[PDB]
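Listing of upload_5.cif, mmCIF, C-alpha atoms and all ligand atoms
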```cif
data_my_file
loop_
_atom_site.group_PDB
_atom_site.id
_atom_site.type_symbol
_atom_site.label_atom_id
_atom_site.label_comp_id
_atom_site.auth_asym_id
_atom_site.auth_seq_id
_atom_site.Cartn_x
_atom_site.Cartn_y
_atom_site.Cartn_z
ATOM 1 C CA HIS A 1 0.000 0.000 0.000
ATOM 2 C CA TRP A 2 1.249 3.495 -0.792
ATOM 3 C CA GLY A 3 2.569 5.593 2.067
ATOM 4 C CA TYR A 4 5.323 8.039 2.986
ATOM 5 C CA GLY A 5 8.099 5.647 3.944
ATOM 6 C CA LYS A 6 11.305 4.812 2.082
ATOM 7 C CA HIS A 7 9.768 1.875 0.214
ATOM 8 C CA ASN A 8 6.238 3.173 -0.352
ATOM 9 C CA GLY A 9 6.701 6.941 -0.363
ATOM 10 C CA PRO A 10 6.246 9.636 -3.075
ATOM 11 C CA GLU A 11 9.169 8.349 -5.166
ATOM 12 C CA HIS A 12 7.323 5.030 -5.556
ATOM 13 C CA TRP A 13 3.809 6.281 -6.305
ATOM 14 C CA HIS A 14 4.245 6.509 -10.081
ATOM 15 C CA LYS A 15 4.352 2.722 -10.310
ATOM 16 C CA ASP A 16 0.734 2.198 -9.243
ATOM 17 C CA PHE A 17 -0.317 5.695 -10.352
ATOM 18 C CA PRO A 18 1.519 6.697 -13.573
ATOM 19 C CA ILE A 19 -0.128 10.115 -13.454
ATOM 20 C CA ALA A 20 2.367 10.926 -10.682
ATOM 21 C CA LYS A 21 4.665 12.119 -13.483
ATOM 22 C CA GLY A 22 1.838 13.935 -15.230
ATOM 23 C CA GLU A 23 1.624 17.438 -16.666
ATOM 24 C CA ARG A 24 -0.327 19.023 -13.803
ATOM 25 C CA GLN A 25 0.823 17.374 -10.597
ATOM 26 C CA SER A 26 0.739 18.926 -7.146
ATOM 27 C CA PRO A 27 2.170 20.261 -4.964
ATOM 28 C CA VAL A 28 4.515 22.747 -6.611
ATOM 29 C CA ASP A 29 6.887 25.419 -5.405
ATOM 30 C CA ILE A 30 5.327 28.842 -5.680
ATOM 31 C CA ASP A 31 7.977 31.190 -7.012
ATOM 32 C CA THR A 32 6.566 34.546 -5.974
ATOM 33 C CA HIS A 33 8.637 36.442 -8.545
ATOM 34 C CA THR A 34 7.366 34.311 -11.433
ATOM 35 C CA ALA A 35 3.718 34.332 -10.369
ATOM 36 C CA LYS A 36 1.769 37.066 -12.115
ATOM 37 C CA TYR A 37 -1.067 39.121 -10.677
ATOM 38 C CA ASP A 38 -4.221 38.290 -12.625
ATOM 39 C CA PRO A 39 -6.839 41.072 -12.948
ATOM 40 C CA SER A 40 -9.393 38.665 -14.449
ATOM 41 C CA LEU A 41 -9.640 36.778 -11.157
ATOM 42 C CA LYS A 42 -12.856 37.560 -9.280
ATOM 43 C CA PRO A 43 -12.887 37.786 -5.480
ATOM 44 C CA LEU A 44 -12.692 34.420 -3.705
ATOM 45 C CA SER A 45 -15.830 33.350 -1.846
ATOM 46 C CA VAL A 46 -15.592 30.918 1.072
ATOM 47 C CA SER A 47 -19.050 30.161 2.477
ATOM 48 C CA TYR A 48 -18.672 27.740 5.391
ATOM 49 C CA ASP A 49 -21.436 29.113 7.636
ATOM 50 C CA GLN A 50 -23.712 26.088 7.111
ATOM 51 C CA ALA A 51 -20.913 23.509 7.103
ATOM 52 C CA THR A 52 -21.962 20.196 8.619
ATOM 53 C CA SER A 53 -19.108 17.972 9.761
ATOM 54 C CA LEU A 54 -19.995 14.339 10.370
ATOM 55 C CA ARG A 55 -16.967 12.322 11.354
ATOM 56 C CA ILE A 56 -13.207 12.335 11.757
ATOM 57 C CA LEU A 57 -11.249 9.391 10.363
ATOM 58 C CA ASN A 58 -7.673 8.102 10.561
ATOM 59 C CA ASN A 59 -7.117 6.582 7.111
ATOM 60 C CA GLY A 60 -3.545 5.437 7.672
ATOM 61 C CA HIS A 61 -1.950 8.454 6.015
ATOM 62 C CA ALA A 62 -3.739 11.391 7.640
ATOM 63 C CA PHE A 63 -7.062 12.159 9.293
ATOM 64 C CA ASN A 64 -10.077 13.349 7.340
ATOM 65 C CA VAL A 65 -12.760 15.578 8.813
ATOM 66 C CA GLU A 66 -15.752 14.688 6.640
ATOM 67 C CA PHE A 67 -18.759 16.846 5.838
ATOM 68 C CA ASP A 68 -22.298 16.236 4.638
ATOM 69 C CA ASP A 69 -22.234 17.318 1.000
ATOM 70 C CA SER A 70 -25.760 16.220 0.081
ATOM 71 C CA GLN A 71 -26.657 19.923 -0.129
ATOM 72 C CA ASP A 72 -24.917 23.252 -0.766
ATOM 73 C CA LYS A 73 -23.897 23.926 2.837
ATOM 74 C CA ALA A 74 -20.183 24.718 2.712
ATOM 75 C CA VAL A 75 -19.114 26.015 -0.684
ATOM 76 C CA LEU A 76 -16.211 27.708 -2.429
ATOM 77 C CA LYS A 77 -16.650 29.881 -5.515
ATOM 78 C CA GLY A 78 -15.307 32.987 -7.198
ATOM 79 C CA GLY A 79 -11.620 33.533 -7.766
ATOM 80 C CA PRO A 80 -10.397 31.279 -10.579
ATOM 81 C CA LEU A 81 -13.493 29.109 -10.213
ATOM 82 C CA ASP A 82 -16.512 28.877 -12.469
ATOM 83 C CA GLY A 83 -19.605 27.756 -10.610
ATOM 84 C CA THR A 84 -19.927 26.227 -7.160
ATOM 85 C CA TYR A 85 -17.685 23.747 -5.369
ATOM 86 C CA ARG A 86 -18.925 21.847 -2.303
ATOM 87 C CA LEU A 87 -16.750 21.065 0.707
ATOM 88 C CA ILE A 88 -16.495 17.316 1.214
ATOM 89 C CA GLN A 89 -13.573 16.985 3.630
ATOM 90 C CA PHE A 90 -10.374 18.491 4.930
ATOM 91 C CA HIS A 91 -7.121 17.080 6.200
ATOM 92 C CA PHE A 92 -3.560 18.079 6.899
ATOM 93 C CA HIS A 93 -0.020 17.190 5.912
ATOM 94 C CA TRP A 94 2.682 17.755 8.511
ATOM 95 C CA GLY A 95 6.256 16.949 9.383
ATOM 96 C CA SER A 96 8.281 15.305 12.116
ATOM 97 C CA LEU A 97 9.894 18.697 12.775
ATOM 98 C CA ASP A 98 8.654 22.274 12.446
ATOM 99 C CA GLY A 99 11.043 22.920 9.557
ATOM 100 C CA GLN A 100 9.064 20.728 7.187
ATOM 101 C CA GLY A 101 5.594 19.394 6.593
ATOM 102 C CA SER A 102 3.887 21.541 3.980
ATOM 103 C CA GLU A 103 3.450 20.271 0.425
ATOM 104 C CA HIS A 104 3.398 23.550 -1.451
ATOM 105 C CA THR A 105 6.404 25.746 -0.736
ATOM 106 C CA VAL A 106 6.847 29.487 -1.194
ATOM 107 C CA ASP A 107 10.192 30.449 -2.711
ATOM 108 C CA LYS A 108 11.360 27.038 -1.508
ATOM 109 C CA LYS A 109 10.200 27.737 2.048
ATOM 110 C CA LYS A 110 8.605 24.755 3.780
ATOM 111 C CA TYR A 111 5.972 25.362 6.460
ATOM 112 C CA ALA A 112 5.320 23.110 9.458
ATOM 113 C CA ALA A 113 2.136 21.759 7.899
ATOM 114 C CA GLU A 114 -0.563 22.399 5.335
ATOM 115 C CA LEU A 115 -4.342 22.189 5.513
ATOM 116 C CA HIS A 116 -6.338 21.066 2.474
ATOM 117 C CA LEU A 117 -10.045 21.794 2.225
ATOM 118 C CA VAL A 118 -11.380 19.649 -0.610
ATOM 119 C CA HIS A 119 -14.397 20.704 -2.684
ATOM 120 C CA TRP A 120 -16.080 19.209 -5.756
ATOM 121 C CA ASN A 121 -17.762 21.007 -8.667
ATOM 122 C CA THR A 122 -21.537 20.728 -8.188
ATOM 123 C CA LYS A 123 -22.212 20.597 -11.917
ATOM 124 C CA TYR A 124 -20.934 17.011 -11.806
ATOM 125 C CA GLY A 125 -23.428 15.628 -9.303
ATOM 126 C CA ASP A 126 -21.002 13.999 -6.876
ATOM 127 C CA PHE A 127 -17.354 13.644 -5.891
ATOM 128 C CA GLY A 128 -16.876 10.446 -7.877
ATOM 129 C CA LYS A 129 -17.956 12.032 -11.143
ATOM 130 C CA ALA A 130 -16.175 15.286 -10.324
ATOM 131 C CA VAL A 131 -12.780 13.578 -10.108
ATOM 132 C CA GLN A 132 -13.298 12.505 -13.717
ATOM 133 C CA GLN A 133 -13.234 16.143 -14.844
ATOM 134 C CA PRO A 134 -10.377 18.655 -15.364
ATOM 135 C CA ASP A 135 -12.314 21.221 -13.328
ATOM 136 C CA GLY A 136 -13.876 18.735 -10.959
ATOM 137 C CA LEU A 137 -12.225 19.862 -7.732
ATOM 138 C CA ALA A 138 -11.061 22.958 -5.921
ATOM 139 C CA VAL A 139 -8.707 22.598 -2.983
ATOM 140 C CA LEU A 140 -8.071 25.481 -0.650
ATOM 141 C CA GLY A 141 -4.568 25.121 0.739
ATOM 142 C CA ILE A 142 -3.544 26.846 3.952
ATOM 143 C CA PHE A 143 -0.035 26.830 5.414
ATOM 144 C CA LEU A 144 0.595 26.208 9.115
ATOM 145 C CA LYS A 145 3.526 27.689 11.031
ATOM 146 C CA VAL A 146 4.417 27.038 14.656
ATOM 147 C CA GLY A 147 3.821 29.942 16.994
ATOM 148 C CA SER A 148 0.625 30.878 18.801
ATOM 149 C CA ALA A 149 -2.083 28.221 19.110
ATOM 150 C CA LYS A 150 -5.053 28.152 16.730
ATOM 151 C CA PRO A 151 -8.231 27.982 18.858
ATOM 152 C CA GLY A 152 -10.399 26.671 16.031
ATOM 153 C CA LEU A 153 -8.057 23.699 15.692
ATOM 154 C CA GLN A 154 -8.082 22.499 19.296
ATOM 155 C CA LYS A 155 -11.320 20.535 18.855
ATOM 156 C CA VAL A 156 -9.601 18.498 16.144
ATOM 157 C CA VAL A 157 -6.492 18.096 18.297
ATOM 158 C CA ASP A 158 -8.427 16.848 21.335
ATOM 159 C CA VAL A 159 -10.210 14.118 19.376
ATOM 160 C CA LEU A 160 -7.041 12.642 17.854
ATOM 161 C CA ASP A 161 -6.517 10.410 20.888
ATOM 162 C CA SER A 162 -9.668 8.504 19.918
ATOM 163 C CA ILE A 163 -8.461 7.827 16.367
ATOM 164 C CA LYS A 164 -4.789 7.179 17.053
ATOM 165 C CA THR A 165 -4.622 4.232 14.671
ATOM 166 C CA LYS A 166 -5.509 3.459 11.055
ATOM 167 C CA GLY A 167 -9.175 2.650 10.539
ATOM 168 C CA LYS A 168 -10.456 4.393 13.649
ATOM 169 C CA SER A 169 -13.156 7.032 13.276
ATOM 170 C CA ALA A 170 -15.085 9.162 15.745
ATOM 171 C CA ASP A 171 -18.250 11.223 15.655
ATOM 172 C CA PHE A 172 -17.089 14.688 14.683
ATOM 173 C CA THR A 173 -20.166 16.839 14.283
ATOM 174 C CA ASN A 174 -20.607 20.587 14.553
ATOM 175 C CA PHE A 175 -17.015 21.459 13.706
ATOM 176 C CA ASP A 176 -16.684 24.911 12.154
ATOM 177 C CA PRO A 177 -14.024 25.033 9.394
ATOM 178 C CA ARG A 178 -14.092 28.839 9.497
ATOM 179 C CA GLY A 179 -11.872 28.650 12.572
ATOM 180 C CA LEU A 180 -9.009 27.302 10.463
ATOM 181 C CA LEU A 181 -8.828 30.260 8.067
ATOM 182 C CA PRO A 182 -6.265 33.084 8.120
ATOM 183 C CA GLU A 183 -7.294 36.738 7.897
ATOM 184 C CA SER A 184 -6.451 37.329 4.244
ATOM 185 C CA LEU A 185 -7.745 35.364 1.275
ATOM 186 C CA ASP A 186 -4.927 36.543 -1.005
ATOM 187 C CA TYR A 187 -3.876 33.459 -2.912
ATOM 188 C CA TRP A 188 -1.937 31.857 -5.709
ATOM 189 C CA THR A 189 -3.787 29.605 -8.089
ATOM 190 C CA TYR A 190 -2.820 27.037 -10.656
ATOM 191 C CA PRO A 191 -4.284 23.852 -12.164
ATOM 192 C CA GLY A 192 -3.075 20.815 -10.268
ATOM 193 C CA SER A 193 -3.903 17.446 -8.777
ATOM 194 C CA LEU A 194 -4.692 15.603 -5.583
ATOM 195 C CA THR A 195 -1.406 15.127 -3.714
ATOM 196 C CA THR A 196 -2.177 11.590 -2.597
ATOM 197 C CA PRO A 197 -2.870 8.560 -4.786
ATOM 198 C CA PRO A 198 -4.700 8.353 -7.154
ATOM 199 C CA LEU A 199 -3.143 11.811 -7.744
ATOM 200 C CA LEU A 200 -6.056 12.808 -9.986
ATOM 201 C CA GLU A 201 -5.492 15.964 -12.035
ATOM 202 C CA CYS A 202 -8.884 17.555 -11.402
ATOM 203 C CA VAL A 203 -7.848 20.281 -9.009
ATOM 204 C CA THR A 204 -7.886 24.023 -9.296
ATOM 205 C CA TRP A 205 -5.520 24.907 -6.491
ATOM 206 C CA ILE A 206 -6.075 27.991 -4.408
ATOM 207 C CA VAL A 207 -3.174 28.384 -1.975
ATOM 208 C CA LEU A 208 -3.524 31.158 0.574
ATOM 209 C CA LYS A 209 -0.467 33.364 1.043
ATOM 210 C CA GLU A 210 -1.113 33.988 4.735
ATOM 211 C CA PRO A 211 -0.310 30.985 6.931
ATOM 212 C CA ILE A 212 -2.184 30.288 10.143
ATOM 213 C CA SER A 213 -0.240 29.794 13.355
ATOM 214 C CA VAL A 214 -0.662 26.725 15.527
ATOM 215 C CA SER A 215 1.109 25.916 18.789
ATOM 216 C CA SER A 216 3.965 23.464 19.202
ATOM 217 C CA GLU A 217 1.664 21.495 21.504
ATOM 218 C CA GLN A 218 -1.004 21.265 18.807
ATOM 219 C CA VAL A 219 1.336 20.026 16.089
ATOM 220 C CA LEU A 220 2.951 17.664 18.585
ATOM 221 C CA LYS A 221 -0.491 16.090 18.998
ATOM 222 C CA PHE A 222 -0.697 15.521 15.233
ATOM 223 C CA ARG A 223 2.635 13.713 15.555
ATOM 224 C CA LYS A 224 1.271 11.285 18.144
ATOM 225 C CA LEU A 225 -1.083 9.720 15.601
ATOM 226 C CA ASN A 226 -0.109 6.388 14.036
ATOM 227 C CA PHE A 227 0.062 5.259 10.400
ATOM 228 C CA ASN A 228 -0.412 1.723 11.715
ATOM 229 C CA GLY A 229 -3.595 0.048 12.893
ATOM 230 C CA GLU A 230 -4.389 -0.910 16.486
ATOM 231 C CA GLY A 231 -2.298 -3.827 17.707
ATOM 232 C CA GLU A 232 0.445 -3.268 15.141
ATOM 233 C CA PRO A 233 3.959 -1.850 15.664
ATOM 234 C CA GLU A 234 3.754 1.893 16.258
ATOM 235 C CA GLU A 235 4.811 4.125 13.384
ATOM 236 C CA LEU A 236 4.227 7.778 14.176
ATOM 237 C CA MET A 237 2.135 9.619 11.617
ATOM 238 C CA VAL A 238 4.617 12.292 10.557
ATOM 239 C CA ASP A 239 6.032 13.635 7.318
ATOM 240 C CA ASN A 240 2.928 12.691 5.352
ATOM 241 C CA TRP A 241 3.666 15.299 2.718
ATOM 242 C CA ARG A 242 4.526 14.992 -0.958
ATOM 243 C CA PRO A 243 7.427 17.183 -2.164
ATOM 244 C CA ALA A 244 7.100 19.907 -4.797
ATOM 245 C CA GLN A 245 6.595 18.605 -8.347
ATOM 246 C CA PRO A 246 7.563 20.046 -11.756
ATOM 247 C CA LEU A 247 5.507 23.082 -12.747
ATOM 248 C CA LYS A 248 5.865 22.163 -16.420
ATOM 249 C CA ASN A 249 3.536 24.076 -18.741
ATOM 250 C CA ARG A 250 1.746 25.944 -15.964
ATOM 251 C CA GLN A 251 1.354 29.518 -14.839
ATOM 252 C CA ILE A 252 0.730 30.391 -11.204
ATOM 253 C CA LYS A 253 -1.485 33.423 -10.886
ATOM 254 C CA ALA A 254 -1.548 35.703 -7.881
ATOM 255 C CA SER A 255 -4.832 37.226 -6.762
ATOM 256 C CA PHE A 256 -2.863 40.150 -5.337
ATOM 257 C CA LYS A 257 -0.198 42.627 -6.418
HETATM 258 N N1 LIG A 301 -6.252 5.694 -0.373
HETATM 259 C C1 LIG A 301 -7.402 6.541 -0.077
HETATM 260 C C2 LIG A 301 -7.093 7.993 -0.459
HETATM 261 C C3 LIG A 301 -8.093 8.992 0.062
HETATM 262 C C4 LIG A 301 -7.709 9.950 0.995
HETATM 263 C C5 LIG A 301 -8.623 10.869 1.491
HETATM 264 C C6 LIG A 301 -9.942 10.843 1.054
HETATM 265 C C7 LIG A 301 -10.343 9.893 0.121
HETATM 266 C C8 LIG A 301 -9.418 8.973 -0.371
HETATM 267 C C9 LIG A 301 -8.627 6.049 -0.846
HETATM 268 O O1 LIG A 301 -9.116 4.941 -0.620
HETATM 269 O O2 LIG A 301 -9.248 6.937 -1.205
HETATM 270 HG HG HG A 302 -9.482 15.044 -13.661
HETATM 271 ZN ZN ZN A 303 -3.859 17.078 0.965
#
```

Just dump the structure as structure tokens.
Ligand SMILES: N[C@@H](Cc1ccccc1)C(=O)O
Ligand SMILES: [Hg+2]
Ligand SMILES: [Zn+2]
Amino acid sequence: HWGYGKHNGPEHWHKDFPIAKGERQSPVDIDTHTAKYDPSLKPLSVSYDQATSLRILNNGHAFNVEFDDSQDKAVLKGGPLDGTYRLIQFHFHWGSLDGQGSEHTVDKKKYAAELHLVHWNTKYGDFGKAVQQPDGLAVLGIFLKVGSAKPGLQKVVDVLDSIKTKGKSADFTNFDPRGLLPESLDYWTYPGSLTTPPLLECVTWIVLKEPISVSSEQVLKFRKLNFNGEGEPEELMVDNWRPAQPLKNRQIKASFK
């Protein structure tokens, strides 16, 4: 099974998922001096007021906070997007040390972690059909740096003890994703892919420039999770990030000047 170790990590993914060496793979390094401000971009709209979380799950590579997407409750639109994208789940990527963990990098800078809010284009009916389209998904990426604690994240942190191992899930209702957002919505955008197998190239990436700060204690809690299942040798869930991939024939647009 794919993972982040030496024998099943990112360098091995292309074997089971050839698209790993595709033309629009993510993450990528965001070179701020090559990214161009795009006037055609409309303001970004993040509407999470009616978000309805359902459960939190440890899938062996990260933990997913799932949402009820049977209705337009939590949506993303505007910016580089055409139409409406519904929030289906969010998760993080983090390191074993504060100096690494993010997937996208800014001028080669690696953040301690990165949050990915995954949304699917409503014109496709469901997530399954959406990931069969070039504009099927929109992922809002938010960098995490270690400093002050993030209050809106503590609820996630305190439930991790109940889903320490692969396969474990816990009721995670009434979680407000708005508490994970930074002040500014300035962002960089480019066409990309999911950063975990199957690495589908259906994502319009919207990476926020402003990182959120989380405490050392909070990230340390992330690092207590296990990649392994209950009863198996303990392998700490850390460094579950894919490195920057070739930008190839792509242009990163900045929503700001
Ligand atoms: N390997 C997982 C990858 C995944 C991660 C997160 C959400 C959905 C899927 C799969 O069965 O999907
Ligand atoms: Hg696609
Ligand atoms: Zn991700």

Please give me, as JSON, numbers by chain, the residues lying within 8 Å of ligand LIG 301 (chain A) when counting all atoms listed in the file.
{"A": [2, 59, 61, 62, 64, 89, 91, 196, 197, 198]}

Just say which residues the PyMOL selection byres (((not hetatm)) within 12 of (chain A and resi 302)) picks in this file, as a ChimeraX atom specification.
/A:19,22-25,120-121,124,127-138,191-194,198-204

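Picture a line from atom CA of residue A:114 to atom CA of residue A:232; it runs 27.5 Å.
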
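Of note, atom CA of residue A:94 and atom CA of residue A:172 are spaced 20.9 Å apart.
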
Rank nothing, just name the residue among A:212, A:139, A:236, A:115 nearest to residue A:75, using only C-alpha atoms.
A:139

Just need the box for stretch 222-234 of chain A, edges along x, y and z, holding every atom the file lists for it with 4 Å tacked onto each side, so centre and edge lengths in Å to one decimal, as JSON.
```
{"center_x": -0.2, "center_y": 5.8, "center_z": 14.3, "size_x": 16.3, "size_y": 27.3, "size_z": 15.7}
```

Env of residue A:147: 10 Å cut, atoms = only C-alpha atoms, seq-sep filter 6 positions within chain, self excluded. Answer as a PyMOL selection string.
chain A and resi 212-217

Residue contacts of stretch 80-87 of chain A (6 Å, all atoms listed in the file) excluding same-chain residues fewer than 6 positions away, as a ChimeraX atom specification:
/A:41,74,118-122

Env of residue A:144: 12 Å cut, atoms = all atoms listed in the file, seq-sep filter 4 positions within chain, self excluded. Answer as a VMD selection string.
chain A and resid 92 to 95 98 to 105 110 to 116 148 to 150 153 180 to 182 207 to 216 218 to 219

Counting only C-alpha atoms, I want the residues whose atoms come within 12 Å of (-8.7, 2.2, 12.1) in the file frame, returned as a ChimeraX atom specification.
/A:56-63,162-170,225-232

Rounded to one decimal, what separation in Å do you get between atom CA of residue A:254 and atom CA of residue A:242?
22.7 Å

With all atoms listed in the file as the basis for distance, which of A:26, A:173, A:70, A:45 is at the shortest distance from ligand ZN 303 (chain A)?
A:26

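Nearest residue to residue A:125 among A:71, A:205, A:44, A:8 is A:71, counting all atoms listed in the file.
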
Can you turn the PyMOL selection byres (((chain A and resi 96) around 6) and not hetatm) into a concrete residue list for this file, as a PyMOL selection string?
chain A and resi 95+97+238-239

If you apply the PyMOL selection byres (((chain A and resi 188) around 7) and not hetatm) to this file, what residues do you get, as an mmCIF file with C-alpha atoms, keeping the file's coordinate frame?
```cif
data_model
loop_
_atom_site.group_PDB
_atom_site.id
_atom_site.type_symbol
_atom_site.label_atom_id
_atom_site.label_comp_id
_atom_site.auth_asym_id
_atom_site.auth_seq_id
_atom_site.Cartn_x
_atom_site.Cartn_y
_atom_site.Cartn_z
ATOM 1 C CA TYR A 187 -3.876 33.459 -2.912
ATOM 2 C CA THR A 189 -3.787 29.605 -8.089
ATOM 3 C CA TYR A 190 -2.820 27.037 -10.656
ATOM 4 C CA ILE A 206 -6.075 27.991 -4.408
ATOM 5 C CA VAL A 207 -3.174 28.384 -1.975
ATOM 6 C CA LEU A 208 -3.524 31.158 0.574
ATOM 7 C CA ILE A 252 0.730 30.391 -11.204
ATOM 8 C CA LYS A 253 -1.485 33.423 -10.886
ATOM 9 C CA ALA A 254 -1.548 35.703 -7.881
ATOM 10 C CA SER A 255 -4.832 37.226 -6.762
#
```

Here is a test: counting all atoms listed in the file, which residue of A:246, A:195, A:174, A:32 is nearest to residue A:68?
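Nearest candidate to residue A:68 out of A:246, A:195, A:174, A:32: A:174.
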
Who sits within 8 Å of residue A:29, only C-alpha atoms, same chain under 2 positions skipped, as a ChimeraX atom specification:
/A:27,31,104-108,244-245,247

Measuring atom to atom with all atoms listed in the file, identify which of A:117, A:76, A:156, A:35 is nearest to ligand ZN 303 (chain A).
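Comparing A:117, A:76, A:156, A:35 against ligand ZN 303 (chain A), the winner is A:117.
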